[PDB]
Each structure stands twice: as structure tokens, then as C-alpha cells.
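Protein chains in written order, with the authors' numbering: chain A, 6 to 326; chain B, 1158 to 1204, 1210 to 1388; chain C, 480 to 683, 701 to 780, 813 to 944, 952 to 1077; chain D, 40 to 240. Ideal Cβ placement from N, Cα and C applies to all residues, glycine included. This report concerns only the one structure given below.
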Amino acid sequence: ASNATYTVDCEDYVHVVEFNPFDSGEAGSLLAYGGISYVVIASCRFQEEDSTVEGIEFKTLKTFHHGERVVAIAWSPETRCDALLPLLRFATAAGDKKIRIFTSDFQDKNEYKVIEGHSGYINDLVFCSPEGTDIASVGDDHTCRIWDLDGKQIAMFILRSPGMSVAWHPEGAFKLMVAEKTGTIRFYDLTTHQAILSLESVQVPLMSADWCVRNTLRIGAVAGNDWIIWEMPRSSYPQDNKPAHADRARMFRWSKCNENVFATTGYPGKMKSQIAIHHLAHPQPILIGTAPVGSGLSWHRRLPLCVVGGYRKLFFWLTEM
Amino acid sequence: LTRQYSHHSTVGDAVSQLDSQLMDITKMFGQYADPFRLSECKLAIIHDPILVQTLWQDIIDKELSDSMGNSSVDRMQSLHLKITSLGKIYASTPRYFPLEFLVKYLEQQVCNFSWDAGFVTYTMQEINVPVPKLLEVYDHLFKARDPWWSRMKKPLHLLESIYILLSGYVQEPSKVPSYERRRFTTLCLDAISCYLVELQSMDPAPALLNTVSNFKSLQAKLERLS
Amino acid sequence: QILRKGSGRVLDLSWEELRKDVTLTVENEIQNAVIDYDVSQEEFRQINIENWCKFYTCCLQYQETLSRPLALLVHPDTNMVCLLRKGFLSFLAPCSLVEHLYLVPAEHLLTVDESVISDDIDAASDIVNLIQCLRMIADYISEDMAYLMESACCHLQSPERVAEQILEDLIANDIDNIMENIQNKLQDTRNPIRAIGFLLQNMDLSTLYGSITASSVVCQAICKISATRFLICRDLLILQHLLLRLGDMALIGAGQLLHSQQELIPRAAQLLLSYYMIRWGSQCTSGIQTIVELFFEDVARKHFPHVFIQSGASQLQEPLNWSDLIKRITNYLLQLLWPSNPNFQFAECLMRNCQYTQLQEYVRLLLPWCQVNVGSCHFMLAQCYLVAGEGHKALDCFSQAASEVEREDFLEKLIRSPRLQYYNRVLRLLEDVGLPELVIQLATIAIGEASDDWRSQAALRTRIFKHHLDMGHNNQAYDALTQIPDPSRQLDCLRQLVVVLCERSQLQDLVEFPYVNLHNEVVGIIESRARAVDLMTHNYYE
Amino acid sequence: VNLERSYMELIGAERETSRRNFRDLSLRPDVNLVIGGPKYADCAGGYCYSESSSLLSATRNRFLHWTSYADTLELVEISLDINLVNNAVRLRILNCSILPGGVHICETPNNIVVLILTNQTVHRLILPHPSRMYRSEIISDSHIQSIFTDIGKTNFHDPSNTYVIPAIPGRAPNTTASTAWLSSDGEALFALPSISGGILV
């Protein structure tokens, strides 16, 4: 088990962690993490980006009182730290089945809006517009729902099982990916409000799916114990299927810098949650990390670096390319 | 394996062919590998581990039906002797003897047939497995928290087996070379302190109170021996 | 076989294998039909439809050929009737009276012997006229409207509001004056409500027949009965809302008003919701089995020797009658499936089985309208959430299930204060999953329930101490240790704290921590280890 | 009298992905392939055992069915009580088209006798009666054999069991009418339309 390259202390348990995938106009990479009753927004700078930094410079920028356990965080594309018009916008899902949109100027103006209408737990959410006006959410009510920033439901797709992950297509307009617990991944067009296509996993339950940003034909997921890769439009069947974890895989995320590298996490388990970093050319994980109990997995935008939340700590692994 | 496969008959042809002429290595390996288990002989001739462990378990099973048809204690003794002789055959090789798979699997059989708790400790000491190495295996198996022991309604019986190992050791100290005894007694006091903390975290009962009393008495005797 | 153009020996493919095999075969034909790299999305969709259509029409032509009619087998002594078709065997089973009347053609419905429906000729005639109105609705329901009702059941929408919307659309589109014809036949019905109540009431050896064919035939009988009776219940609800809007053909009436409102609303609520729940339950081993066939084989069938004995068949000399026995088995199975039995088993079996999803959906569809096994449903749902990693929702569901703990055998078997016993069980579960933070939170709640039992409080506080120590929360572990009421356990926890902090080299915290009269216990422990250990020093002496 | 007026069709779904491992048996009678012979329509039939209604009988809820098309007879034993092992046989009578209604089953105290008429041949099959197969009340259910289990041991080429219909007085062409039975003395009899308009026995 590799030790984490960097470790940052947190006030409480980290339930979710997400790097800002967008350019905020700052030299540092923005990071959001959700606790039991709060969301923290921080800036991270690494020695690999700036030779004036020894290891990791971690600065808390803002803390938002949430009052509920945060389960998912989505960054808005409008998020900017530019000194002329700073705007922080992100969405959260929590155990109360509500979405909260937070807006801040990083000064005194801190607003949040509550969106209601899911009848079950929300499992995942994303901003599903380049303009950052629309939010997609999925949950245990067997719905995928589309919301404006006004909290009005624009659209609703009835699922055949609980929606487990949702992702916007990185290049193609109007394409939403929805991963269902029974192994089906569906693609929806938000203009026509129609399902375009599905993929099926060989294993169940399907727990997380992500798009490869560097190769928009590739989808990766975790189902049962295994990680699964599809290459579109070649087949509805997996191209690759290999073991990820000895007992239940939970999260899958593609590296933002390398189309052959991805991370998986094991389920919040008695054997301390393993992070496994995989490279498609290798039959085994290139790195196996241990986090004592960790939830959330996110990749840095530029560096070959991933973060996992744990017990009062963030753990960072740099992958040698 | 003769005695194993209902006295294996083919083992007679195999032993006569092995006596009638000298055999070449390849022929020997293939034939005997597939035919009867012989990982200790394979190790000796050369001089998948999981597959070898599975084959050893299958060989033990054979002994087990032969003995199904015998006295509960007679069957036990038969298996003891067979295992002992064949382990002495592969004693110097650890790849031809799953040290961990074997202890786990035999303790599952002790639970299934419900035998004595001293059995495995006594058998491994008679093979000349060092008491420190045997304690390391038991401590590892206990710390592994295998759900199997709880499913069999007998984790306290597992810890009683551990107690029996350690008691045998106390009572016959020459079983550990004179040059390790101090370090080993300290290791026992540390281990017992951990076991007493875990036992005091569980619910109270007569049998538990007797086991706590036994370990406190043993701690006080080890402190006098240190 | 024909699409592949290939002489491959068809392996006895499993059905999942056959599905993958169809998919890959049609995808390959689509990829071959896409000649240009720049196909518009519309042209690609059109090509996809054309290729699947072509495969489907091919399956149809073979199914037509296998479906070709053979002959009849009638057993002289047992009266068993079989329809021999070209591809399969069908059995003819007697139809129940309600299904007979709904399904018979309108021309033959006029020649039914009213004496068989009821000893009461007028009740028999009213049932006949009602069934004719249900059919005039059934004949004008579009597929969009039938789907809108089935969608409403699946999405747990109110079937009543949806029956009303369907009725508005039927009236907006009444080109043939059908509403006038239904109105005219309803005027010929003397007591439509008694006829409605009769319909609703009639709709409300273990080794033998253990085969998969018998299991499928029996469970298909259940599916068709439940589907037919779901439509009858939908059309009956729309008709009941029309009868309410037409009933205003009069003043409400006080006596009629009070009596009708209480009686009808209670009966109706105890009616449409129950029918919807039964339909949802019906909708919910090298052979393909349905979840109902699985439940029948594993649970329901084991109870049939009791159903057979309770019926007064204490004479082992009565011959087996097929008609009586199938009707009894199917009614008893409907009660078990119908969420009206305390069995508490299909959901538990799903929780202990690899499948969980289907069990969540089964409980979702059942819980709003079925009041039988509600605690057992919450227990099953809690297991599904625990396996899904949603431990807080699991705890809420386990807490709801605890209330049916009164007169409960399954929870009594675990025991052979009740809330503290339940929390001790959930604590063992959270320990085995390896979630120490939640174990601390739950053990802190369980100390509140432990009120006067200092032994349970000592055990729970020792457990909190252990998990804080294992997590490295040294201050919180020390605080938990000071709260232990048992001095013996407190000393053993103190020994564990001193050892773990020394091994972790966290010597500063250990210095800060204010031991009471036990400063010399530490020196005695370290001295006992020091002298006991070898000359090679570490940091005990230091 | 519950006047059970209507019935409903219940599909006994053969959901076994095992096609009932049809013990394919091919009979080659000494007869030539008639090119352009009458195409008979596909037909089916069934037979119920004596004492099948008796709760202590070994024949309880047991019956036979068959389908015949062209040169092929598919025979099946079904029990509603127990899954029978080896309960399906596909008999192919090469070059002979099975007559519509040409299959007859007769029961005796010791045996089940299957009598088969084709366009050109008559056949007799002798199977053990279910009551003679089992001498011990202690049989585990998972191993109850069909009467067809030992069908591959019957000598079908025995002249006691197969006969070729002579051309004169012979059978009338394009007729489907036939019947077969056992006499009191255990003899097998087959009746068909003669070319002369009489009955050939």
C-alpha cells in the first residue's frame, strides 16, 4: 500500500470531494469537500505546478453551513476567482433529498437556493449546460431530473432502477449520461428529451460511471467488484472488464490528463477503503493506496493527481506518468 | 494416498512401477502429480501454491470419508498420523505446505465436527513448528476477524484454543530455546493485555469470568517468570 | 440461425446468452448498413429501426409456424383437459365466474343462466348489465389511455386521478355517443353498487406439482388474473367517478349523504388501493423463473400441507380434485403475494439473496396500500440500504420496523430494554462492515436507552473508547475512558491506551493525560515489561 | 353441479432451455421413400394410465402425449407430481409418414403397449408398467424414471414388434382412417381402409 503523496487535515469527516474541473482564472486549483454539516471551498497549489511551493499549499477560501450530510457536489462552469467579478457557484445534494445551489462573491454575498421534488435520496448531480444554467440529478426515486437555477423542473426521465451516476458529455451538446443501478447506462438528448442509446454492464450493481474527457468515445464504470470500459460507437458490450476491488467497487473517475488512467474506490469497508489507480496497458493497478474510511474521488484538472476524502483528512496520490 | 483412496489400488501399480525400473523426471512429475498428491516429493525432486493447497485439502477429505467409517477418535488419530508423516516428508519446503491455508481449513473442520481445542496446537508442536511461529499464526488468524468463527457460534472456543497453546508453552518452557524466552514472555504479556481489553469489552458471563480469571492468573505467573 | 447465414451447432444457450447473441448479431447488420462516415443522427436512427424490424418479422414467421393447432386430450377419470399445440402444451383450467362474464362475447352474454351467478335473479341481471358497461369502456380505451393508467401504477400516482383524466379525454372524444349508450344501460341496472361490491368480493401433497411447468402455469394464471382484474378495477374507478358526477342528477341528501359517504368511502379505499397493491405484487434453478415462481417454490409451497389439513380433509381417503385444489392454492398464494400474510419472507429472502434492487421496487410498490408485514418490509428495505452503502436510511428503516416488535417471532428468535437489544444488534452489524464513526454515534445513542443498567453502559463506553483509540482520536478516547463506571474495565482500557500511545510514539499526549493514583501502575507495567524484555532497549526505559 | 362453463388456456411453458433431451431414436423399416407421397397434416394425441386418479397408485397424475409430423413422432411422459427423468423420445420412422390418428396406447397388468400405424408399417412398443418399475417404497423423488428410460433396450427390429403392410388387399391411398388394439389373448391388431373399400385387419 503506497502512502498518500500529500495529506491535508480537515475539521470533520470528508463525505465527498470534487476538484473544480473548470478554469477559475487563479494559479491554484479549486477544491470543494462536503462534511457532516458543511461544505468547504479551498485552493490547492502543488510543488509540481510551482517550484516555490514545498509539497502542498492548502488554503480554505470559504466554509458554507449546510446543516445536512453532503452526498454529491457539482461545480458550475461560471465559477471564477478573477478579481474584477469573482463568482463561486456550485450545487450540492444531501441526505434530506434536496439540491442546494450556493452562490458567492468570495466576500459578504453568500446566497443559497433549495430545490425540492425528488421523493428518494439523490445519488449524483451535475451541471448539464455549457452556460451553467441547468442541473441534472439522479436518485432512488428512479428519476433523472433537470432543473434551472430557479429550481423549476425543466425535464424528467423515468428510470427502470435507481439512478447511481450522472455526467454531462464533455464536447457534444445536449447529451446526458445516466447510469442505473441494474447495469444500464442511458444517454439522453436534452433538446429532444429522448433516450438515444444504452450500454449494459455484465456485472451489477453499477455504482459509478464517468466520461473520458480526453477521448469522448470512452466510458468507464464500476459494477459489482469490477471496472468496465466501453468504446463507442463500436459496441454496446464492454471492451474491457477486470477486477477493481476484492469487495464491491464504489466510485470510478477518469484522469483529466491521461485517457488510459483512472481511479476506483472500494465500498466504506472493514478492510480500510482501498483506492486503486489503473492504467489500461497494465493488468494490475499501478498504485494501491489505503484510506481508513473515505468517500468522494476526484482528479486534478492538469496534474496526474487524484484526491480522496477520509476521516478528518484529504489524501492525495500523484501518479508517475 | 494408498490409505487415502480406500487404500488406493492403483497406488500398488504405481509403487511396483516405481520399484521395477528407474523413471525419468518428466514422466514421474506428470504421472504422479495428476495420480496422487505429492507436493513434498515434487519439492524434493525439484530441489500454483493455492492449487497445491486445494489438492492437499482434497487428500485430507479422502482421509475424512475413510474415517467417517471409523471411531470418532480412531478417525482423528488416523488423520493425525497421516498428516504428520506426509508433512515430515515436505518439512523443509514451505511452498509444498500451505502453513496458513492448512491451519484455517483444519480449524474449520474442528468446528464442523466439534473436536478438542488443543488438537491443532499439539499436532503442530509435534511437527516441530516453533511455539513463537505458531503463536504468530494464531494471533494473525484472531486479528483477521474471520466471520466464519461467529457463524459457527464459536469465537470464544477459538480464543480458548489460543489459551491452550500458551498454557502448554508456560508449563513446558524448554519448548522455546533458552536464548528467546525473555523476549517471548514479554510478547505474551503484551498479547494477554490486548486479549483482556477485548474480553472486558464483551458482555459478561460465567465462562467469560472464568477465562478472565485464568488469564489474570497466567499474567501473574508470566511476570514471575520474566 | 438464418440471419447469421451460418451452420453453427446451436448450443443450448442460456436465455442471457441468447439475448447477448441477438444484440451483437443485429448491431453488426446496422454497422454494415452505415456506408458513409457522415450519417446524420436521423438517418442513423432510421437505419437502426429498419434492421431490428427485419429481425423481429423473422422471429414472427417462426413463431407462427410453431404455434400451428393440433388436437385435444381429455382424461376420463380425472377430467384433465389439454390443448395440444404444435410447439407447446396448454392446459385448460376452469375460469372463475368474474373472468367468464368479462371475457364472454357480447352476443353470448345475453344467454348466461342467471341462476349460476346468484340464487337472486335481479342481482344476476345487474351484474350482467354492469359487465356490459365495463366492456363498452374497455372497447373505447386507446392504448395511450391504457398506458397512462399502467404508468400511473408504476410511478405510484393516484390511479383514481388518472381514471378521471382518462374519462375527460373519453368524453372530449365521444364521436359515437357511447357515453349516451353506457348511460342508457346503466339506467337498466337496478343496483350498480351491489353488483360492483359482488365483483370486488369475488376478486378479493407438497411434493406433488413441484415441476417448473406446473410452477409457470400456476404463476401465469396469477399474472392474467391480476392483469384482468387491474383493468376491471381501473374502469370500475372511472365508472364510479362518472356515477358520482351523474348521481348529482339529485340533491346530495342528508341521510343518504352521511351514510353513503362513510360507507362508500371506507369500502372504496379498502377496495381500489388493495386491488392496485395486488396488481403491483403480481407484476413483481437452471430454468427461467419469475419472482412469483421463485417465491412459490421457496416459501409458499411449504405451507400447502397446512392449507390442505385446515380444510376439514382429516380423512386421508378423499380423492384429489384438480378444480378445488388449484382454486385453493391460487387464492392462498394471492393472499401471500397480496401483502395480507405475516409470513415476512419474500422480502427477507430477496435481502439475503444476491438480488436486492427488485426487493426495493417490490417494497416501494407494496408499502403505500398494504398494511400486512409493514415492519418486515421496513426491515427488508433497511437490509437493501445497508448493502447499497446508505447506512443512515437503513437505520431509519430498522427503527420503524422495531414497532411491529410487539407479537413478533423473528425478533424474539434473536433473543432466545428491547431497544437496547436492537441497538446492540445494529452495533455488531456496523462493526462487521468496519464503520467505526457510526459505531461511536450509535453507541452514544444506546447509552441513553441503557438508563439504569450500569453493565450495558460500561460495555458501550468501553466500545466507544476502543473505536476512538483505533481511529487515533486520543483526546476523545481519554474522555470516553473517564466516563466508564466499571473500574476493572477502566483499568484494562487504561492499559490499552498506554500501550497503543507508546507504540504510536504519541508520548506527549500520554504525559498530558492526568492519571488518578495510577501513576505507579504505569511505572509497574513498564518495569514488568522492561525487566521481562531483552537488553536491546527501545523507549520503555527512556 | 358447479356447471364449469368456460375454461381458459394456461400455457404449460416449456421454459427449460434444455429442449427435453429428446432421446432421438431412428427406425428404419425395410420400405422405399415414396417421392410425391401425400403430405399429411401435423397431428397430436394423448393417453392416460389406469388408476391415475388413485392416490396410492404409481400412475397417479401421469399421462402420455405425442405430436406427429411427416416421419417423426415425439412422445412425452408428463407427471404433474414429479419431474420425470428421461421423459421424452423422438421416434423417426424413416420413409414412412405417420398417419393422422395412427398412434394407439394399450395398458396391461404388467406393460404399456404403444401401437403405431404409418402409410406403410405397423409397430408395437412394450414398456414396463410404472407399478412394476418400483419394488421399494423408498425412492428419492429426484430419480423417478420415465417408462421411456429403458426404451433404448427394446429391440425395434424384432418381427414380433414391426410389420410392413402388404400392397394387396393393401391400404387405400390418401386415407387417414386407422385404429389399433390388444386382444384378450395379448395379440396386437391394426385396422385400416382397404383399397377395395373394406377393412383390412
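* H1165 (chain B) versus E1225 (chain B) - alpha carbon distance -> Taking the first residue of the second sequence as 1, we reach residue 1165 (chain B) at position 8. Taking the first residue of the second sequence as 1, we reach residue 1225 (chain B) at position 63. The C-alpha of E1225 (chain B) is placed about 11 angstroms away from the C-alpha of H1165 (chain B).
* **Selection of the segment 987-1019 of chain C by Cβ proximity to chain B, strictly under 7 angstroms** => Across the segment 987-1019 of chain C, CB contacts with chain B closer than 7 angstroms involve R990, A994, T997, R998 and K1001, in sequence order along the chain.
* Tell me, please, whether the CB atom of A985 (chain C) is closer than 7 angstroms to any CB atom in chain D? => As a position in the third sequence, residue 985 (chain C) is number 450, starting the count at 1. No, its Cβ sits nowhere closer than 7 angstroms to a Cβ of chain D.
* Which same chain residues, not among the five before or five after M1286 (chain B), have their C-beta less than 7 angstroms away from its C-beta? -> Residue mapping note: residue 1286 (chain B) aligns to position 124 of the second sequence, counting from 1. Here the set comprises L1296.
* Is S34 (chain A) near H305 (chain A), with beta carbons less than 7 angstroms apart? -> Locating residue 34 (chain A) in the first sequence gives position 29, where the first residue counts as 1. Locating residue 305 (chain A) in the first sequence gives position 300, where the first residue counts as 1. At the C-beta level, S34 (chain A) and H305 (chain A) come within 7 angstroms of one another.
* Asked: Can you name the residues that DSSP bridges to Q279 (chain A)?
  -> As a working note, residue 279 (chain A) is residue 274 in the first sequence. Per DSSP, A:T295.
* Asked: If you run the structure through DSSP and keep just helix, strand and coil, what is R1386 (chain B)?
  -> Taking the first residue of the second sequence as 1, we reach residue 1386 (chain B) at position 224. Correct three-state label for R1386 (chain B): helix.
* Asked: What residues are listed by DSSP as bridge partners for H70 (chain A)?
  -> Taking the first sequence and counting its residues from 1, the one referred to as residue 70 (chain A) is at position 65. When beta bridges are read from the DSSP output, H70 (chain A) appears opposite A:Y43.
* **Through-space distance from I943 (chain C) to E116 (chain D), alpha-carbon basis** => Within the fourth sequence, numbered from 1, the residue matching residue 116 (chain D) stands at position 77. Within the third sequence, numbered from 1, the residue matching residue 943 (chain C) stands at position 415. If I take the Cα positions, the gap works out to 51 angstroms.
* **Boundaries of the beta strand (DSSP E) in which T1285 (chain B) is found, first to last residue** => Taking the second sequence and counting its residues from 1, the one referred to as residue 1285 (chain B) is at position 123. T1285 (chain B) -> not in any beta strand (DSSP E); alpha helix (DSSP H) instead, spanning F1281 to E1288.
* Thinking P77 (chain D) and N213 (chain D) are a contact (beta carbons under 8 angstroms), I'd like their distance in whole angstroms, please. => The residue given as residue 77 (chain D) occupies position 38 in the fourth sequence. The residue given as residue 213 (chain D) occupies position 174 in the fourth sequence. About 5 angstroms separates the beta carbon of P77 (chain D) from that of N213 (chain D), a gap short enough to meet the 8 angstroms contact definition.
* Local Cβ density within 10 Å of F132 (chain A), reported as buried at 16 or more and exposed below that -> Within the first sequence, numbered from 1, the residue matching residue 132 (chain A) stands at position 127. By the neighbour-count rule (16 or more Cβ atoms within 10 Å), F132 (chain A) is buried.
* **chain C contact for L1370 (chain B) (CB, 7 angstroms cutoff)** => The count along the second sequence starts at 1 and reaches residue 1370 (chain B) at position 208. Not one chain C Cβ lies under 7 angstroms of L1370 (chain B).
* chain C partners of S179 (chain D), CB-CB under 8 angstroms? -> Here residue 179 (chain D) is taken as the residue at index 140 of the fourth sequence, counted from 1. In chain order: nothing, as chain C lies at least about 11 angstroms away.
* Asked: Is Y43 (chain A) closer than 7 angstroms to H70 (chain A) when the C-beta atoms are compared?
  -> As a working mapping, residue 70 (chain A) is identified with position 65 in the first sequence. As a working mapping, residue 43 (chain A) is identified with position 38 in the first sequence. Yes, Cβ-Cβ distance for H70 (chain A) and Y43 (chain A) is below 7 angstroms.
* To do: Just the chain C side, please: which residues come within less than 8 angstroms of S1375 (chain B) by C-beta, in chain order?
  => If you number the second sequence from 1, residue 1375 (chain B) lands on position 213. Correct list: empty, because the minimum Cβ distance to chain C is about 12 angstroms.
* **Rounded Cβ spacing between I708 (chain C) and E55 (chain D) (contact assumed at less than 8 angstroms)** => In the third sequence, the residue the question calls residue 708 (chain C) occupies position 212. In the fourth sequence, the residue the question calls residue 55 (chain D) occupies position 16. Confirmed, Cβ separation roughly 7 angstroms.
* Asked: In its own chain, which residues sit with a C-beta less than 7 angstroms from the C-beta of residue 1089 (chain C), not counting the 5 before and 5 after it?
  -> Not covered by the structure: residue 1089 (chain C). The range shown for chain C is 480 to 1077.
* Per DSSP, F229 (chain D) is paired with what? -> In the fourth sequence, counting from the first residue as 1, residue 229 (chain D) sits at position 190. Partner(s): D:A219.
* Is it true that the CB of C1028 (chain C) sits closer than 7 angstroms to the CB of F1000 (chain C)? -> In the third sequence, the residue the question calls residue 1000 (chain C) occupies position 465. In the third sequence, the residue the question calls residue 1028 (chain C) occupies position 493. With respect to the 7 angstroms criterion, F1000 (chain C) and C1028 (chain C) are classified as neighbours on the basis of their beta carbons.
* To do: Flag this pair as touching only if the segment 96-114 of chain A and the segment 140-150 of chain A have three or more C-beta atom pairs under 8 angstroms; answer yes or no.
  => Verdict: yes, contact present.
* Mind checking the segment 626-640 of chain C against chain A and listing, in chain order, the residues whose C-beta falls within less than 9 angstroms of any C-beta there? => Answer in chain order: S630, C633, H634 and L635.
* Asked: Apart from the five residues just before and just after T324 (chain A), which ones in its own chain have a Cβ nearer than 7 angstroms to its Cβ?
  -> As a first step, residue 324 (chain A) must be located in the first sequence, where it is residue number 319. Same-chain partners within the cutoff: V266, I282, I291, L292 and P309.
* Asked: Within this structure, are the beta carbons of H587 (chain C) and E643 (chain C) separated by less than 7 angstroms?
  -> By 1-based counting over the third sequence, the position of residue 587 (chain C) is 108. By 1-based counting over the third sequence, the position of residue 643 (chain C) is 164. Against a cut-off of 7 angstroms, the Cβ pair of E643 (chain C) and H587 (chain C) comes out as no contact.
* **First and last residue of the uninterrupted alpha helix (DSSP H) at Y958 (chain C)** => Counted from its first residue, the third sequence places residue 958 (chain C) at position 423. Per DSSP, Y958 (chain C) is one residue of the alpha helix (DSSP H) stretching across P953 to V968.
* Please list the residues of the segment 1332-1344 of chain B that have a C-beta atom closer than 7 angstroms to any C-beta atom in chain C, keeping them in chain order. => Listed in sequence order: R1344.
* Asked: Going along chain C, which residues have a C-beta under 7 angstroms from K186 (chain A)?
  -> One-based indexing of the first sequence puts residue 186 (chain A) at position 181. Within chain C, the residues near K186 (chain A) are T885.
* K1244 (chain B) (DSSP reduced to helix, strand or coil) -> Here residue 1244 (chain B) refers to the residue found at position 82 when the second sequence is read from its first residue. Helix at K1244 (chain B).
* Given a threshold of 16 other Cβ atoms within 10 Å of its Cβ, counted over all protein chains shown, does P1309 (chain B) qualify as buried or as exposed? -> Position 147 of the second sequence, counting from 1, holds the residue named residue 1309 (chain B). In the assembly as shown, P1309 (chain B) is an exposed residue. Its beta-carbon has fewer than 16 other beta-carbons within 10 Å.
* Just the Cα atoms here: how many angstroms apart are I728 (chain C) and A617 (chain C)? -> Within the third sequence, the letter at position 232 stands for residue 728 (chain C). Within the third sequence, the letter at position 138 stands for residue 617 (chain C). Spanning the two alpha carbons is a distance of roughly 9 angstroms.
* Nearest chain B C-beta to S1063 (chain C) closer than 7 angstroms, yes or no? -> By one-based count along the third sequence, residue 1063 (chain C) stands at place 528. At least one C-beta of chain B is nearer than 7 angstroms to the C-beta of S1063 (chain C).
* **Contacting positions in the segment 504-529 of chain C - beta carbon closer than 7 angstroms to chain A** => Of all residues in the segment 504-529 of chain C, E506 have a Cβ within less than 7 angstroms of some Cβ in chain A.
* Measure the beta-carbon distance from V76 (chain A) to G40 (chain A) and round it to whole angstroms, keeping in mind my assumption that it falls under 8 angstroms. => Sequence index remark: in the first sequence, residue 76 (chain A) carries index 71 (1-based). Sequence index remark: in the first sequence, residue 40 (chain A) carries index 35 (1-based). In this structure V76 (chain A) is not in contact with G40 (chain A), their Cβ atoms being roughly 12 angstroms apart against a cut-off of 8 angstroms.
* **Through-space distance from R998 (chain C) to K118 (chain A), alpha-carbon basis** => The residue labelled residue 118 (chain A) in the question sits at position 113 within the first sequence. The residue labelled residue 998 (chain C) in the question sits at position 463 within the third sequence. Looking at the two C-alpha atoms, the distance is approximately 41 angstroms.
* Whose CA, out of A:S203, A:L285, A:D194 and A:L319, lies closest to the CA of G294 (chain A)? -> On the first sequence, residue 294 (chain A) is found 289 positions in, with the first residue counted as 1. Closest in alpha carbon position to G294 (chain A), among A:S203, A:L285, A:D194 and A:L319, is A:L319.
* Asked: What does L970 (chain C) reach in chain A if we use C-beta pairs closer than 9 angstroms?
  -> Sequence index remark: in the third sequence, residue 970 (chain C) carries index 435 (1-based). The answer, in chain order, is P273, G274, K275 and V298.
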